[PDB]
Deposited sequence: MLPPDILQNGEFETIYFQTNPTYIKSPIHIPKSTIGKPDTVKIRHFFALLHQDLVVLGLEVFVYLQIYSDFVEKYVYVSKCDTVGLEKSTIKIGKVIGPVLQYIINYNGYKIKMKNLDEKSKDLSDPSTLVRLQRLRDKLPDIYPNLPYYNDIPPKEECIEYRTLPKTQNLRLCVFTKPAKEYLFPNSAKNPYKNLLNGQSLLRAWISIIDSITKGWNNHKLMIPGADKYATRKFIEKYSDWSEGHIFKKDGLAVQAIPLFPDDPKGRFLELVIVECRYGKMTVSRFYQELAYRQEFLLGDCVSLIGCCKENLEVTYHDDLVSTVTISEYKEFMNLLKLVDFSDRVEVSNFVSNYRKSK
């Protein structure tokens, strides 16, 4: 998951665990009218890098498997990424995030129970990677913003950094899409002018109703608008095109700083299912870890060191 030159035989340590794979309702609305509906299995992944007793950075990723008879639509959603910045930065963060995220994308050792012993997934997978960039001061680590070595990027800088990461781990993929809702074509194109495989737009179905095309991911700027469309029972009228048009005027985008949406796809990848023993936990155990995290003052080495010792 990480190369020796980073971990350095125990100078750095990792926290990494998954939830037990859990069936959920599809994050994309599938009419009960549809033929051969998929089962949806969700896995949460949490990764942190440690340096001695301190957290250096964290990454939370959700994987959604839409399981059809003959193939899987596999969505990989980057939920959160953050840094602590209590110590002067030793590694380039992208050199950690890329490989970890690539490991999560390609991970195929999930132990999925049968739908009411373990289910065998189809060998054909269509990958979809979905990331948004929005320059918050603190995604995972409360009060880290006024740490001395936390490097806070503005929106354009954050976007450039994520395009670089994602490009590096999606070599050969079928498409790479960037949308900056509310920006003109020229401004968006400048971010990807040096990336031959990238183009403006999104990865989802282009026509029809938005809720039947766009996944509703938790704590996603896109998802929050989708949520509104659904709660106001406008799901039956809102098109994909009009959704992306109106997204641009939401407060989060229009008042935001280069808030951007990235999606990449790889079609018809033949995968082999490959046991890889990692720590797996109940959703309650996961949520309990995350709730503890929320209560740590990450400007306080004592509290961070305590949090880490407790996890051990």
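Against the full deposited sequence, the model leaves out several stretches, namely 117-160, 357-359.
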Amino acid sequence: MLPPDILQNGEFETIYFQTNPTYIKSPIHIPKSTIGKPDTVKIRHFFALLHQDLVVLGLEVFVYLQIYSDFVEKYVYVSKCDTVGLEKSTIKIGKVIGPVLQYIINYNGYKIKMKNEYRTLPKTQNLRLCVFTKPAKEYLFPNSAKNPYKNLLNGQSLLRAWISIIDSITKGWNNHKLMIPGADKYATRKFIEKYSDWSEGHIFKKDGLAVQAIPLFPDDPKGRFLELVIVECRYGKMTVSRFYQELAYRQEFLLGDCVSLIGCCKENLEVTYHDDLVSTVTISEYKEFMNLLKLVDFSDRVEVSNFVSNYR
From here on, numbers count along this sequence of modelled residues.
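Here 144-152 and 188-196 are compared by their mean Cα B-factor, and 144-152 comes out higher. Across the two stretches, 48-56 and 249-257, the PDB entry reports the greater mean Cα temperature factor for 48-56.
Taking only the listed residues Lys222, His176, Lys88, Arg128, the entry reports the highest CA temperature factor at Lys88. By the numbers in the PDB entry, the CA B factor is greatest at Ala136 among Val76, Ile169, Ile112, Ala136. Sort the chain's modelled residues by C-alpha temperature factor and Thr34 lands in the highest third, per the entry.
Sorting the modelled residues of the chain by their CA temperature factor places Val302 in the middle third. Per the deposited record, the Cα B-factor of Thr272 falls in the highest third when ranked against the other modelled residues of its chain. Among the modelled residues of its chain, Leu293 has a C-alpha B-factor that falls in the middle third, as given in the PDB entry. The entry lists a Cα temperature factor for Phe71 that places it in the middle third of the chain's modelled residues.
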